[PDB]
């Protein structure tokens, strides 16, 4: 059938490029009733960041993907972490040795650098070491690596399902290291051994791996295995069109979650990086995307990741996709983080409802509506000025307000409309200064709902401190 996989390297924060590629793998697998695997590719102890693995696994789940096999969900072809499969690569590297498809090389990293400086790349000089001598030097413990013995001269065909066939000249393919001197495999060796053993049939990955594909075609040949299909997705880009990077863009999934972007929205945006619905619709579910996915609709240009459009979309989910109650639940962590509390569920829900069309990220909610949860709020200069100018009519309104028995948004509107009328002034002349009194801002939701929200007592108490 169809088996796909995402194979993150635990060497930094959970990367958006990873979610992006994971998203297309997951969809292609489901669209085909196949399997979607997670394989942790921790073969480089130097760049290994302890804790990175858990973080990428949590971020994929957070984003909404599920995998069928992996480190924390089991599966028949585990382990799913390459550091625990060392003996396997070891074994396969040696089998290549016997088949005549690899050779041992003993140069120190220093000699290699020098070789590279003189000829710009390893010259395969170790191919000339007599096999029996190489074997003996190995038994004596002399440190070495095992390299791919590329067939020279020659030609190697790679087929990418989206771009067609590309024919590399073997002179462009290096005699790559397959097993390092510390006994760890390089990415090239492990990737082929594990995709095979875990049965992957469809390799969907970022374009940055395209030129390394001919090295993999050869390894599959060397082992006598059937190569899988290859689909290379365009790289996500920084605004300057270079591959998205930590210094020109936000590439950490943790940053996005911390900033209050909903996983559903981030996920919906990533689908738009290379894919589009037939009918041109832009807001759709994870499930709908799976059902409509087709490689015929994947475009190959490198998409600039636009934060502004992501925010637009996040605001769109907040106001049109999630329910009022869902938004209220998700806003809690940010209120907590801001050190604010809500009196009750009822209160929080109404507050979130009044602000729904005014925040594009969950983090923005506590910021723009701080006055709705604490007395410790800021009063802007423009608001303070509007307040001062309207103090006279506010003082004249106060008594009429402490008299209003029915504190409702309809009652209050009628009360204030009349007062402005009887005062021959425009409602705004009375609404704006009151808004400033109640919120310390001139940019808020409707005055009547703002006035109704806290109840007569709390409202006047605040109005009073302003008239003080």
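Numbering follows the first chain given and starts at 1. Whichever C-alpha set is largest while still superposing within 1.5 Å between the two forms counts as the rigid core.
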Higher-deviation segment by CA RMS in 7 other deposited structures of this protein, core fitted, 46-54 or 416-424: 416-424
For a rigid core alignment of each structure in 7 other deposited structures of this protein onto the shown form, which stretch has the higher root mean square Cα deviation: 121-129 or 238-246? 238-246
So which stretch wins on mean C-alpha B-factor, 78-86 or 246-254? 246-254
Compare the mean C-alpha B-factor of 125-133 with that of 200-208 as given in the PDB entry, and name the stretch with the higher value. 125-133
Out of 141, 185, 260, 357, highest CA B-factor residue: 141
From 58, 27, 421, 49, pick the one with the largest CA B-factor in the entry? 421
B-factor third for the C-alpha atom of residue 325 within its chain: middle
Which third of the chain does residue 31 land in by C-alpha B-factor: lowest, middle or highest? middle
Please place residue 413 in the lowest, middle or highest third of its chain according to the CA B-factor in the PDB entry. highest
Residue 264 - which third its CA temperature factor falls in, relative to the rest of the chain: lowest
Lowest, middle or highest third of the chain for the C-alpha temperature factor of residue 45? highest
